[PDB]
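Only one structure is covered here, and it is reproduced in the block below.
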Amino acid sequence: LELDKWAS
Amino acid sequence: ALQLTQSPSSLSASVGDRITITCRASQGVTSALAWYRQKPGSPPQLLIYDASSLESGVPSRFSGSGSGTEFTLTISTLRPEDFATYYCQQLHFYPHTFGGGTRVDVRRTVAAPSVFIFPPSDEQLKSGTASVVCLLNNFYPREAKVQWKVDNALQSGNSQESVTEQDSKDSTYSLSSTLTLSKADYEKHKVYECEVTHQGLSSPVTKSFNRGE
Amino acid sequence: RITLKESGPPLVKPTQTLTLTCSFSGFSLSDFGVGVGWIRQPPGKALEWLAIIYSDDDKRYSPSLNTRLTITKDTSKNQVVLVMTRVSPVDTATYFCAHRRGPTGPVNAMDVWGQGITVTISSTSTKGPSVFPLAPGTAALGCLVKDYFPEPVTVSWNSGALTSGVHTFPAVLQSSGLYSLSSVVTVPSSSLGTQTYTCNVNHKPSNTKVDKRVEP
């Protein structure tokens with residue numbers, strides 16, 4: 001599942 | 001993808017009540033979860049962002065907590081404007097998922113529906129089809145089940161229904177179900193029956209009529 | 001502050017392409033990290049995420065609709081466009097575009113939403129309704145307003161003189177692509193032989209007006 005643009 | 005489960009899906013309460021609803025995620029979404037309130041006919045409105053931060057302008061009665069896979073939204077004291085549908089959304093993974101929503105309505109004593117069945121009209125009958133409708137009037141709670149039977153055969157796939165909004169004065173719901181048949185089929189059967197299952201009915205109610213009688 | 005408004009066609013034919021536009025003000029697509037998303041809601045259903053596009057132009061679509069969706073942005077117009085191909089009746093819903101703050105923590109939410117534009121997918125043409133009677137100490141009677149397009153229709157009883165006991169239900173979009181709704185009113189049995197009941201139906205879209213007297 002890919003992480004949101006700001007998850008990092 | 002990521003499954004967000006909201007519960008309870010439907011909730012009954014009164015002004016001044018304290019309620020807490022939940023949103024469960026199948027995978028951890030850290031704190032990236034938002035809560036919205038949506039009133040009928042209006043777009044969603046942000047209440048809580050990042051799981052626990054009160055959105056500027058939102059009343060202090062609203063609060064959120066949780067992290068990872070568990071989240072809650074609490075309304076310290078229910079107001080009239082809060083009887084609406086609430087949704088949670090996680091923005092940690094793509095796609096951004098919304099929960100199925102929690103429906104908060106006005107609580108009142110249980111009220112069984114008044115049921116009536118209407119045979120199709122002779123005028124409609126020559127247009128080539130027959131619409132027979134069943135009315136469930138002024139009941140509470142909202143959950144109700146209608147089952148159509150023609151000559152005791154359970155009907156499926158040939159009916160549609162719609163429910164009204166909770167009444168502002170008596171807090172009840174009413175439901176309308178329409179069974180649609182071709183005229184030919186209508187003419188080759190006799191008993192038309194509408195069976196209603198509802199909490200306020202100790203046993204399902206059946207309203208029926210015999211075509212041409 | 002920030003406001004957004006969806007625009008496009010309210011009616012689309014099955015198979016065709018649905019093009020939606022989100023116009024906004026109070027922010028620009030050149031502010032850092034800012035996003036604009038699209039969310040839809042079928043009648044009486046839950047919200048469904050569709051897609052999102054950002055300032056730097058990356059975008060994401062819902063996995064199930066991604067060979068059918070295309071999101072773009074024109075920054076001199078301050079608009080975002082969503083294109084959905086081969087629509088079908090199940091795509092009938094209200095479409096909302098919303099704003100997502102960029103990093104200044106609170107990027108975790110769609111903070112401002114448009115009012116939404118409701119789009120109906122049907123292959124039918126304007127068509128007035130046929131009005132049928134729904135007939136019989138409390139009694140119920142009504143009118144079945146069937147096969148009309150497009151919404152809406154107005155129903156009153158006794159030219160507005162009768163209001164309490166009335167329940168006009170939400171219309172249902174049938175498999176034929178045409179609408180059907182019922183309006184009922186509950187009245188005293190004893191009134192059935194001395195009081196008259198007439199439902200007044202008006203479907204402006206087709207200039208169709210009908211007054212239907214209902215009896216046992």
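Quick note on naming: the chains in the structure tokens go A, B, ... in the order shown, residues restart at 1 in each chain, and ligands are numbered from 1 in order of appearance.
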Please list as a ChimeraX atom specification every residue within 7 Å of residue B:32, counting only C-alpha atoms and excluding residues in the same chain fewer than 3 positions away. /B:29,50-51,90-92 /C:108
Which residues come within 10 Å of residue B:166, counting only C-alpha atoms, excluding same-chain residues fewer than 6 positions away, as a PyMOL selection string? chain B and resi 105-106+138-142+172-174
Show me, as a VMD selection string, the residues of chain B whose atoms get within 6 Å of chain C, using only C-alpha atoms for the distance check. chain B and resid 32 34 43 46 49 to 50 91 95 100 118 162 164
Would you output that residue set with C-alpha atoms, as a PDB file, in the first residue's frame?
ATOM      1  CA  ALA B  32      -3.610  10.693   9.653  1.00  0.00           C
ATOM      2  CA  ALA B  34      -9.973  13.081   9.927  1.00  0.00           C
ATOM      3  CA  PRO B  43     -21.182  18.705   1.924  1.00  0.00           C
ATOM      4  CA  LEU B  46     -14.200  18.984   8.897  1.00  0.00           C
ATOM      5  CA  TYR B  49      -7.850  16.657  11.603  1.00  0.00           C
ATOM      6  CA  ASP B  50      -4.793  14.551  12.376  1.00  0.00           C
ATOM      7  CA  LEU B  91      -4.839  10.063   4.614  1.00  0.00           C
ATOM      8  CA  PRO B  95      -6.112   5.593  -1.762  1.00  0.00           C
ATOM      9  CA  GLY B 100     -18.936   3.697   5.796  1.00  0.00           C
ATOM     10  CA  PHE B 118     -52.154  -0.817  -2.837  1.00  0.00           C
ATOM     11  CA  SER B 162     -37.287   4.623  -0.473  1.00  0.00           C
ATOM     12  CA  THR B 164     -38.374   9.546   4.145  1.00  0.00           C
TER      13      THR B 164
END
Enumerate the residues of stretch 25-146 of chain C with a DSSP assignment of strand (DSSP E), computed from the backbone, and present them as an MDAnalysis selection string. chainID C and resid 25 35:41 48:54 59:61 69:74 79:84 93:100 112:113 117:121 130:134 138:146
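For the pair atom CA of residue C:13 and atom CA of residue C:88, the interatomic distance is 7.8 Å.
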List the neighbours of residue B:35 out to 6 Å using only C-alpha atoms; skip same-chain residues closer than 5 positions along the sequence, and give me the result as a PyMOL selection string. chain B and resi 47-48+87-88
Return the neighbours of chain B among the residues of chain A, cut-off 7 Å, counting only C-alpha atoms, as a VMD selection string. chain A and resid 1 to 4 7
With C-alpha atoms kept, could you save the residues just selected as an mmCIF file, in the first residue's frame?
data_model
loop_
_atom_site.group_PDB
_atom_site.id
_atom_site.type_symbol
_atom_site.label_atom_id
_atom_site.label_comp_id
_atom_site.auth_asym_id
_atom_site.auth_seq_id
_atom_site.Cartn_x
_atom_site.Cartn_y
_atom_site.Cartn_z
ATOM 1 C CA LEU A 1 0.000 0.000 0.000
ATOM 2 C CA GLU A 2 1.611 3.302 -0.795
ATOM 3 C CA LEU A 3 2.165 5.988 1.758
ATOM 4 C CA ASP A 4 0.643 9.405 1.484
ATOM 5 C CA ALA A 7 3.396 10.232 5.549
#
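In this model, the gap between atom CA of residue C:17 and atom CA of residue C:147 comes to 25.1 Å.
One distance worth recording is that between atom CA of residue B:33 and atom CA of residue C:70, which is 25.8 Å.
In this comparison, which uses only C-alpha atoms, the residue of B:130, B:136, B:4, B:21 approaching residue B:68 most closely is B:4.
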At a cut-off of 10 Å, using only C-alpha atoms, what residues contact residue C:104? Leave out same-chain residues fewer than 3 positions from it and give the result as a JSON list (two decimals) with N, CA, C and O atoms, in the first residue's frame.
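This went into selection_36.json:
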[["chain", "number", "residue", "atom", "x", "y", "z"],
["C", 32, "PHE", "N", 2.95, 25.80, -1.79],
["C", 32, "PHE", "CA", 3.61, 24.53, -1.56],
["C", 32, "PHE", "C", 2.76, 23.40, -0.97],
["C", 32, "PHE", "O", 2.01, 23.59, -0.01],
["C", 33, "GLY", "N", 2.89, 22.22, -1.57],
["C", 33, "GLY", "CA", 2.20, 21.02, -1.11],
["C", 33, "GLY", "C", 0.68, 20.92, -1.17],
["C", 33, "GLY", "O", 0.13, 19.85, -0.93],
["C", 34, "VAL", "N", 0.02, 22.02, -1.50],
["C", 34, "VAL", "CA", -1.44, 22.04, -1.55],
["C", 34, "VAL", "C", -2.07, 21.07, -2.56],
["C", 34, "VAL", "O", -1.60, 20.92, -3.69],
["C", 101, "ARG", "N", -4.68, 21.19, 2.78],
["C", 101, "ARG", "CA", -3.57, 22.06, 3.14],
["C", 101, "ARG", "C", -2.24, 21.39, 2.87],
["C", 101, "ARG", "O", -2.12, 20.17, 2.94],
["C", 107, "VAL", "N", -2.20, 18.48, 7.49],
["C", 107, "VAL", "CA", -2.38, 18.14, 6.08],
["C", 107, "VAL", "C", -3.26, 16.91, 6.14],
["C", 107, "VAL", "O", -3.73, 16.41, 5.12]]
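Nearest-residue note for residue C:126: choosing from C:67, C:3, C:191, C:207, the minimum distance belongs to C:207, counting only C-alpha atoms.
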Which residue is closest to residue A:8? Choose from C:80, C:148, C:103, C:159 and count only C-alpha atoms. C:103
Fewer than 4 positions away in the same chain doesn't count, so skip those; otherwise give me all residues within 12 Å of residue B:211, counting only C-alpha atoms, as a PyMOL selection string. chain B and resi 118-122+130+132+150-151+183+185-193
